[PDB]
$ cat final-v3.txt   # compact mmCIF, C-alpha atoms
# COMPACT_ATOMS: atom_id res chain seq x y z
CA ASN P 197 0.00 0.00 0.00
CA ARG P 198 2.96 2.37 0.33
CA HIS P 199 3.33 4.70 -2.70
CA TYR P 200 0.23 3.03 -4.08
CA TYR P 201 -3.30 3.59 -2.83
CA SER P 202 -6.87 3.01 -3.96
CA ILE P 203 -10.27 4.63 -4.44
CA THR P 204 -13.85 3.58 -3.68
CA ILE P 205 -16.28 2.26 -6.28
CA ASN P 206 -19.99 2.95 -6.50
CA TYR P 207 -22.44 2.33 -9.30
CA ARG P 208 -25.40 3.86 -11.09
CA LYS P 209 -28.49 2.19 -12.55
CA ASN P 210 -31.33 4.09 -14.18
CA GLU P 211 -34.84 2.72 -14.53
CA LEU P 212 -34.44 1.68 -18.16
CA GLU P 213 -31.39 -0.37 -17.21
CA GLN P 214 -33.30 -1.47 -14.11
CA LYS P 215 -36.49 -2.67 -15.78
CA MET P 216 -34.88 -3.63 -19.08
CA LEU P 217 -32.22 -5.63 -17.28
CA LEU P 218 -34.76 -6.76 -14.68
CA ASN P 219 -37.44 -8.06 -17.06
CA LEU P 220 -34.52 -9.16 -19.23
CA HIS P 221 -33.32 -11.37 -16.39
CA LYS P 222 -36.75 -12.49 -15.15
CA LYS P 223 -37.53 -13.29 -18.78
CA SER P 224 -34.11 -14.98 -18.80
CA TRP P 225 -35.64 -17.17 -16.08
CA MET P 226 -39.18 -17.22 -17.54
CA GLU P 227 -40.48 -18.79 -20.74
CA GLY P 228 -41.69 -17.27 -24.01
CA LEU P 229 -45.48 -17.45 -23.78
CA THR P 230 -44.67 -18.60 -20.19
CA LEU P 231 -47.48 -21.18 -20.03
CA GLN P 232 -45.28 -23.59 -21.95
CA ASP P 233 -43.20 -25.56 -19.43
CA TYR P 234 -45.97 -25.63 -16.80
CA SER P 235 -48.01 -28.64 -17.88
CA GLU P 236 -44.69 -30.31 -18.77
CA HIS P 237 -43.72 -30.58 -15.11
CA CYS P 238 -47.37 -31.01 -14.10
CA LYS P 239 -47.23 -34.19 -16.21
CA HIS P 240 -43.69 -35.02 -15.16
CA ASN P 241 -45.31 -35.21 -11.74
CA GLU P 242 -47.04 -38.21 -13.32
CA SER P 243 -44.06 -39.51 -15.30
CA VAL P 244 -40.78 -38.51 -13.65
CA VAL P 245 -41.38 -36.90 -10.24
CA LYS P 246 -43.25 -40.00 -8.95
CA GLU P 247 -39.83 -41.66 -8.95
CA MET P 248 -38.46 -38.67 -7.05
CA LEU P 249 -41.48 -38.96 -4.76
CA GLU P 250 -40.68 -42.60 -4.00
CA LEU P 251 -37.00 -41.77 -3.54
CA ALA P 252 -38.14 -38.86 -1.38
CA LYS P 253 -40.03 -41.38 0.76
CA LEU C 305 -46.06 -53.33 -57.48
CA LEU C 306 -47.87 -50.07 -56.71
CA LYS C 307 -50.83 -52.07 -55.41
CA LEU C 308 -48.36 -53.84 -53.13
CA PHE C 309 -46.68 -50.52 -52.31
CA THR C 310 -48.67 -49.02 -49.41
CA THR C 311 -52.15 -48.11 -48.11
CA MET C 312 -53.76 -51.19 -49.57
CA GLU C 313 -57.46 -50.93 -50.13
CA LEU C 314 -58.81 -54.42 -49.48
CA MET C 315 -58.99 -55.53 -53.08
CA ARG C 316 -60.39 -58.56 -54.86
CA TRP C 317 -57.91 -61.17 -56.00
CA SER C 318 -60.29 -62.31 -58.71
CA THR C 319 -59.09 -59.11 -60.38
CA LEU C 320 -55.61 -60.59 -60.02
CA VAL C 321 -56.82 -63.86 -61.57
CA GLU C 322 -56.86 -62.49 -65.13
CA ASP C 323 -53.59 -60.62 -64.44
CA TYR C 324 -51.73 -63.78 -63.49
CA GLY C 325 -53.58 -65.83 -66.12
CA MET C 326 -52.65 -63.64 -69.07
CA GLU C 327 -49.30 -63.23 -67.29
CA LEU C 328 -49.00 -66.93 -68.12
CA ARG C 329 -50.58 -66.52 -71.57
CA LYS C 330 -48.53 -63.74 -73.18
CA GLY C 331 -45.01 -64.40 -74.35
CA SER C 332 -44.53 -60.67 -74.97
CA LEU C 333 -42.89 -60.20 -71.57
CA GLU C 334 -42.15 -62.17 -68.35
CA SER C 335 -42.37 -65.49 -70.22
CA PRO C 336 -41.15 -67.67 -67.23
CA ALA C 337 -44.45 -67.50 -65.39
CA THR C 338 -44.80 -71.07 -66.61
CA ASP C 339 -41.43 -71.52 -64.89
CA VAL C 340 -42.91 -69.96 -61.76
CA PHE C 341 -45.46 -72.76 -62.08
CA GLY C 342 -42.58 -74.97 -63.26
CA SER C 343 -42.60 -77.57 -60.52
CA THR C 344 -45.87 -79.37 -59.82
CA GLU C 345 -45.98 -78.23 -56.18
CA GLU C 346 -43.57 -75.29 -55.93
CA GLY C 347 -45.56 -72.74 -57.90
CA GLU C 348 -48.61 -73.82 -55.95
CA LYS C 349 -46.66 -73.08 -52.76
CA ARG C 350 -45.67 -69.70 -54.22
CA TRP C 351 -49.32 -69.09 -55.07
CA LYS C 352 -50.98 -70.09 -51.80
CA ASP C 353 -48.04 -68.45 -50.02
CA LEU C 354 -48.57 -65.42 -52.26
CA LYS C 355 -52.31 -64.98 -51.59
CA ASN C 356 -51.44 -65.77 -47.98
CA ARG C 357 -48.68 -63.15 -47.94
CA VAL C 358 -50.87 -60.37 -49.27
CA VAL C 359 -53.88 -61.42 -47.17
CA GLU C 360 -51.65 -61.07 -44.12
CA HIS C 361 -49.96 -57.92 -45.40
CA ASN C 362 -53.19 -55.96 -45.83
CA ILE C 363 -54.20 -57.00 -42.31
CA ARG C 364 -50.93 -55.47 -41.17
CA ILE C 365 -51.92 -52.33 -43.09
CA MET C 366 -55.41 -51.99 -41.62
CA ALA C 367 -53.87 -53.00 -38.28
CA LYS C 368 -52.20 -49.59 -38.28
CA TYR C 369 -55.65 -48.04 -38.35
CA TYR C 370 -57.72 -48.23 -35.19
CA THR C 371 -60.83 -47.81 -37.37
CA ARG C 372 -62.19 -51.27 -36.34
CA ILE C 373 -63.21 -52.98 -39.57
CA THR C 374 -64.83 -55.68 -37.32
CA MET C 375 -63.36 -58.93 -38.70
CA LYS C 376 -66.66 -60.85 -38.67
CA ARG C 377 -67.78 -58.34 -41.29
CA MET C 378 -64.34 -58.53 -42.92
CA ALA C 379 -64.59 -62.31 -43.31
CA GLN C 380 -67.89 -61.68 -45.11
CA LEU C 381 -66.36 -59.03 -47.40
CA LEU C 382 -63.37 -61.30 -48.08
CA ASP C 383 -65.66 -64.23 -49.06
CA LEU C 384 -63.54 -66.61 -47.00
CA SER C 385 -64.23 -68.78 -43.97
CA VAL C 386 -63.66 -67.66 -40.39
CA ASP C 387 -61.89 -70.97 -39.72
CA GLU C 388 -59.09 -70.08 -42.09
CA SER C 389 -59.27 -66.66 -40.43
CA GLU C 390 -58.42 -68.57 -37.27
CA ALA C 391 -55.59 -69.99 -39.35
CA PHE C 392 -54.81 -66.38 -40.25
CA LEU C 393 -54.72 -65.71 -36.51
CA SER C 394 -52.29 -68.61 -36.21
CA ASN C 395 -50.19 -66.65 -38.69
CA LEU C 396 -50.82 -63.55 -36.57
CA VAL C 397 -49.70 -65.03 -33.25
CA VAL C 398 -46.41 -65.89 -34.95
CA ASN C 399 -46.69 -62.57 -36.79
CA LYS C 400 -46.96 -60.96 -33.32
CA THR C 401 -50.58 -59.95 -32.99
CA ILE C 402 -49.79 -60.34 -29.26
CA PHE C 403 -50.96 -56.78 -28.59
CA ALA C 404 -54.66 -57.19 -29.47
CA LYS C 405 -58.11 -57.90 -28.05
CA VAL C 406 -60.29 -60.90 -28.92
CA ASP C 407 -63.77 -61.78 -27.65
CA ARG C 408 -65.37 -64.86 -26.18
CA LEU C 409 -68.69 -63.05 -26.59
CA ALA C 410 -68.27 -61.40 -29.98
CA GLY C 411 -65.94 -62.24 -32.83
CA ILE C 412 -65.09 -58.58 -33.32
CA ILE C 413 -61.47 -57.81 -32.49
CA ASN C 414 -59.61 -54.76 -31.22
CA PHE C 415 -56.01 -53.98 -32.13
CA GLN C 416 -55.87 -51.24 -29.51
CA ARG C 417 -57.53 -49.97 -26.34
CA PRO C 418 -54.69 -51.04 -24.01
CA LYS C 419 -54.84 -50.76 -20.24
CA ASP C 420 -54.06 -47.06 -21.00
CA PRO C 421 -51.96 -45.70 -18.12
CA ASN C 422 -52.91 -42.09 -17.51
CA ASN C 423 -49.46 -41.43 -16.07
CA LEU C 424 -48.04 -42.77 -19.34
CA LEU C 425 -50.44 -42.68 -22.26
CA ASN C 426 -52.99 -39.95 -21.57
CA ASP C 427 -50.00 -38.22 -20.01
CA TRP C 428 -48.33 -38.38 -23.43
CA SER C 429 -51.42 -37.34 -25.42
CA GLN C 430 -52.15 -34.47 -23.03
CA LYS C 431 -48.47 -33.43 -23.22
CA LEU C 432 -48.10 -33.20 -27.01
CA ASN C 433 -51.65 -31.90 -27.49
CA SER C 434 -51.34 -29.13 -24.88
CA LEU C 435 -47.77 -28.17 -25.79
CA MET C 436 -48.36 -28.24 -29.55
CA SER C 437 -51.46 -26.10 -29.02
CA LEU C 438 -49.33 -23.65 -27.04
CA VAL C 439 -46.34 -23.34 -29.34
CA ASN C 440 -48.27 -23.64 -32.61
CA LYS C 441 -50.52 -20.99 -31.10
CA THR C 442 -47.33 -18.99 -30.44
CA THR C 443 -45.74 -18.84 -33.91
CA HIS C 444 -48.32 -17.59 -36.43
CA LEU C 445 -49.49 -15.24 -33.67
CA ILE C 446 -46.39 -13.06 -33.83
CA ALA C 447 -45.93 -13.96 -37.50
CA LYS C 448 -49.30 -12.54 -38.53
CA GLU C 449 -48.49 -9.73 -36.09
CA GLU C 450 -45.58 -9.08 -38.45
CA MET C 451 -47.85 -9.51 -41.49
CA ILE C 452 -50.11 -6.67 -40.37
CA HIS C 453 -47.08 -4.36 -40.12
CA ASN C 454 -46.79 -4.36 -43.92
CA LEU C 455 -50.31 -3.04 -44.47
CA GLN C 456 -49.28 0.30 -42.96

$ encode --input "final-v3.txt" --output "structure tokens"
Amino acid sequence: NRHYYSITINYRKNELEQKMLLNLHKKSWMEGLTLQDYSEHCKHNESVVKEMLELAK
Amino acid sequence: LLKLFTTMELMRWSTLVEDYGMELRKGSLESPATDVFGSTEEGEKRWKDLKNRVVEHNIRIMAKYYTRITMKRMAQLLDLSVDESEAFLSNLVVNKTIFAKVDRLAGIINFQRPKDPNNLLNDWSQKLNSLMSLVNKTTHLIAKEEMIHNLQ
């Protein structure tokens, strides 16, 4: 640290970055029409998750 | 060949009688039909095996369809006995008809209607029906939404 110091770092985020990046990331975790992968896992409850239910037991 | 190709309408082999008969008569082309009937028994085996092979083959074609042609009616349309249809079923049990339904009560058969597991089968139908409705609903939606942009 002698002869050689540092400086603090803060940020800035405006609401277009906030909601564009926010809905960008929520949409990056959501689907297209968003109803798509629902019934898939509803019916993997009948096909796959029953095995995970027995293993859970 | 094209009649043996696919989607065989159940056709009359008496229409094939004149085809094979003049197929013996003409020497214009395929002259060794008399050689197909060359041996006293062998061409007869080819012939009964041939009618047999197509009369099993078309059953394998209509066996794709679940449309239930109700084989007691089919034996009447075929003008053949139900006892040699039991022989046909002896060719079917070795031809793996083993997924089918017969009746003590009726003589009508079913090639489908399994035990139908709803966690497997109606699962699967509900899956591809629902999902294909969703994503096929998705595409031309935004596509026609782009088609109406060009009217402006």

$ closest_atom_pairs --input "final-v3.txt" --of "chain C" --to "chain P" --cutoff "12 Å" --atoms "only C-alpha atoms" --output "tab-separated table"
residue	atom	partner	partner_atom	distance
C:421	CA	P:242	CA	10.2
C:422	CA	P:242	CA	8.2
C:423	CA	P:242	CA	4.9
C:424	CA	P:243	CA	6.5
C:425	CA	P:243	CA	10.0
C:426	CA	P:239	CA	9.8
C:427	CA	P:239	CA	6.2
C:428	CA	P:239	CA	8.4
C:429	CA	P:239	CA	10.6
C:430	CA	P:239	CA	8.4
C:431	CA	P:236	CA	6.6
C:432	CA	P:236	CA	9.4
C:433	CA	P:235	CA	10.8
C:434	CA	P:235	CA	7.8
C:435	CA	P:232	CA	6.5
C:436	CA	P:232	CA	9.4
C:437	CA	P:232	CA	9.7
C:438	CA	P:232	CA	6.5
C:439	CA	P:232	CA	7.5
C:440	CA	P:232	CA	11.1
C:441	CA	P:229	CA	9.6
C:442	CA	P:229	CA	7.1
C:443	CA	P:229	CA	10.2
C:445	CA	P:229	CA	10.9
C:446	CA	P:229	CA	11.0

$ write_last_selection --input "final-v3.txt" --atoms "C-alpha atoms" --output "tab-separated table (two decimals), keeping the file's coordinate frame"
chain	number	residue	atom	x	y	z
C	421	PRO	CA	-51.96	-45.70	-18.12
C	422	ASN	CA	-52.91	-42.09	-17.51
C	423	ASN	CA	-49.46	-41.43	-16.07
C	424	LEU	CA	-48.04	-42.77	-19.34
C	425	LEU	CA	-50.44	-42.68	-22.26
C	426	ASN	CA	-52.99	-39.95	-21.57
C	427	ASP	CA	-50.00	-38.22	-20.01
C	428	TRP	CA	-48.33	-38.38	-23.43
C	429	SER	CA	-51.42	-37.34	-25.42
C	430	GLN	CA	-52.15	-34.47	-23.03
C	431	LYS	CA	-48.47	-33.43	-23.22
C	432	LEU	CA	-48.10	-33.20	-27.01
C	433	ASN	CA	-51.65	-31.90	-27.49
C	434	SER	CA	-51.34	-29.13	-24.88
C	435	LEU	CA	-47.77	-28.17	-25.79
C	436	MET	CA	-48.36	-28.24	-29.55
C	437	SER	CA	-51.46	-26.10	-29.02
C	438	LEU	CA	-49.33	-23.65	-27.04
C	439	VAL	CA	-46.34	-23.34	-29.34
C	440	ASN	CA	-48.27	-23.64	-32.61
C	441	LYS	CA	-50.52	-20.99	-31.10
C	442	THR	CA	-47.33	-18.99	-30.44
C	443	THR	CA	-45.74	-18.84	-33.91
C	445	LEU	CA	-49.49	-15.24	-33.67
C	446	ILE	CA	-46.39	-13.06	-33.83

$ axis_aligned_box --input "final-v3.txt" --around "region 326-332 of chain C" --padding-each-side "4 Å" --output "lines of an AutoDock Vina configuration file"
center_x = -48.6
center_y = -63.8
center_z = -71.1
size_x = 16.1
size_y = 14.3
size_z = 15.7

$ atom_distance --input "final-v3.txt" --atom1 "CA of residue 309 (chain C)" --atom2 "CA of residue 370 (chain C)"
20.5 Å

$ closest_residue --input "final-v3.txt" --among "C:385, C:362, C:380, C:374" --to "residue 406 (chain C)" --atoms "all atoms listed in the file"
C:374

$ closest_residue --input "final-v3.txt" --among "C:395, C:334, C:400, C:322" --to "residue 353 (chain C)" --atoms "all atoms listed in the file"
C:395

$ atom_distance --input "final-v3.txt" --atom1 "CA of residue 375 (chain C)" --atom2 "CA of residue 388 (chain C)"
12.4 Å

$ residues_around --input "final-v3.txt" --residues "region 314-320 of chain C" --least-positions-apart "2" --cutoff "9 Å" --atoms "only C-alpha atoms" --output "compact mmCIF listing (two decimals) with C-alpha atoms, in the frame of the given file"
# COMPACT_ATOMS: atom_id res chain seq x y z
CA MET C 312 -53.76 -51.19 -49.57
CA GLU C 322 -56.86 -62.49 -65.13
CA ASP C 323 -53.59 -60.62 -64.44
CA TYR C 324 -51.73 -63.78 -63.49
CA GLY C 325 -53.58 -65.83 -66.12
CA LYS C 355 -52.31 -64.98 -51.59
CA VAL C 359 -53.88 -61.42 -47.17
CA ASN C 362 -53.19 -55.96 -45.83
CA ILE C 363 -54.20 -57.00 -42.31
CA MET C 366 -55.41 -51.99 -41.62
CA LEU C 382 -63.37 -61.30 -48.08

$ atom_distance --input "final-v3.txt" --atom1 "CA of residue 354 (chain C)" --atom2 "CA of residue 307 (chain C)"
13.9 Å

$ residues_around --input "final-v3.txt" --residues "residue 403 (chain C)" --least-positions-apart "4" --cutoff "9 Å" --atoms "all atoms listed in the file" --output "list in words"
residues 415, 416 and 418 of chain C

$ build_atoms --input "final-v3.txt" --residues "region 341-360 of chain C" --atoms "N, CA, C and O atoms" --output "compact mmCIF listing (two decimals), in the coordinates of the input"
# COMPACT_ATOMS: atom_id res chain seq x y z
N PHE C 341 -44.74 -71.50 -62.21
CA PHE C 341 -45.46 -72.76 -62.08
C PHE C 341 -44.70 -73.95 -62.65
O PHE C 341 -45.33 -74.89 -63.13
N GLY C 342 -43.36 -73.92 -62.63
CA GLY C 342 -42.58 -74.97 -63.26
C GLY C 342 -42.69 -76.31 -62.56
O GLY C 342 -43.04 -77.32 -63.18
N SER C 343 -42.40 -76.34 -61.27
CA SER C 343 -42.60 -77.57 -60.52
C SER C 343 -44.08 -77.74 -60.20
O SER C 343 -44.85 -76.77 -60.14
N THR C 344 -44.48 -78.99 -60.03
CA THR C 344 -45.87 -79.37 -59.82
C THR C 344 -46.41 -78.82 -58.50
O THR C 344 -47.60 -78.49 -58.41
N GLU C 345 -45.56 -78.71 -57.49
CA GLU C 345 -45.98 -78.23 -56.18
C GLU C 345 -45.42 -76.86 -55.83
O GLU C 345 -46.05 -76.15 -55.04
N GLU C 346 -44.28 -76.48 -56.41
CA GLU C 346 -43.57 -75.29 -55.93
C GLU C 346 -44.30 -74.01 -56.29
O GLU C 346 -44.43 -73.11 -55.45
N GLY C 347 -44.78 -73.90 -57.53
CA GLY C 347 -45.56 -72.74 -57.90
C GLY C 347 -46.88 -72.66 -57.17
O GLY C 347 -47.41 -71.57 -56.93
N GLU C 348 -47.43 -73.81 -56.79
CA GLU C 348 -48.61 -73.82 -55.95
C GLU C 348 -48.29 -73.32 -54.54
O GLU C 348 -49.12 -72.65 -53.91
N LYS C 349 -47.09 -73.62 -54.05
CA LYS C 349 -46.66 -73.08 -52.76
C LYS C 349 -46.41 -71.58 -52.86
O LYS C 349 -46.67 -70.84 -51.91
N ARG C 350 -45.85 -71.13 -53.99
CA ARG C 350 -45.67 -69.70 -54.22
C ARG C 350 -47.01 -68.99 -54.32
O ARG C 350 -47.13 -67.80 -54.01
N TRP C 351 -48.03 -69.71 -54.80
CA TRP C 351 -49.32 -69.09 -55.07
C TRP C 351 -50.16 -69.00 -53.81
O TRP C 351 -50.72 -67.94 -53.50
N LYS C 352 -50.27 -70.11 -53.08
CA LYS C 352 -50.98 -70.09 -51.80
C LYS C 352 -50.21 -69.26 -50.78
O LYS C 352 -50.81 -68.54 -49.97
N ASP C 353 -48.88 -69.33 -50.82
CA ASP C 353 -48.04 -68.45 -50.02
C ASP C 353 -48.15 -67.00 -50.48
O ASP C 353 -47.90 -66.08 -49.69
N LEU C 354 -48.50 -66.77 -51.74
CA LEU C 354 -48.57 -65.42 -52.26
C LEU C 354 -49.87 -64.75 -51.83
O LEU C 354 -49.86 -63.64 -51.28
N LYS C 355 -51.01 -65.42 -52.10
CA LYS C 355 -52.31 -64.98 -51.59
C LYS C 355 -52.30 -64.88 -50.08
O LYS C 355 -52.89 -63.95 -49.51
N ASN C 356 -51.64 -65.83 -49.42
CA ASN C 356 -51.44 -65.77 -47.98
C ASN C 356 -50.64 -64.54 -47.59
O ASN C 356 -51.00 -63.85 -46.62
N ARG C 357 -49.58 -64.23 -48.33
CA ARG C 357 -48.68 -63.15 -47.94
C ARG C 357 -49.36 -61.80 -48.09
O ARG C 357 -49.19 -60.91 -47.24
N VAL C 358 -50.16 -61.63 -49.14
CA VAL C 358 -50.87 -60.37 -49.27
C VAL C 358 -52.07 -60.31 -48.33
O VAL C 358 -52.40 -59.23 -47.82
N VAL C 359 -52.70 -61.45 -48.03
CA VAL C 359 -53.88 -61.42 -47.17
C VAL C 359 -53.45 -61.30 -45.71
O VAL C 359 -54.29 -61.08 -44.84
N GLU C 360 -52.17 -61.47 -45.42
CA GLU C 360 -51.65 -61.07 -44.12
C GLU C 360 -51.15 -59.64 -44.14
O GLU C 360 -51.32 -58.91 -43.16
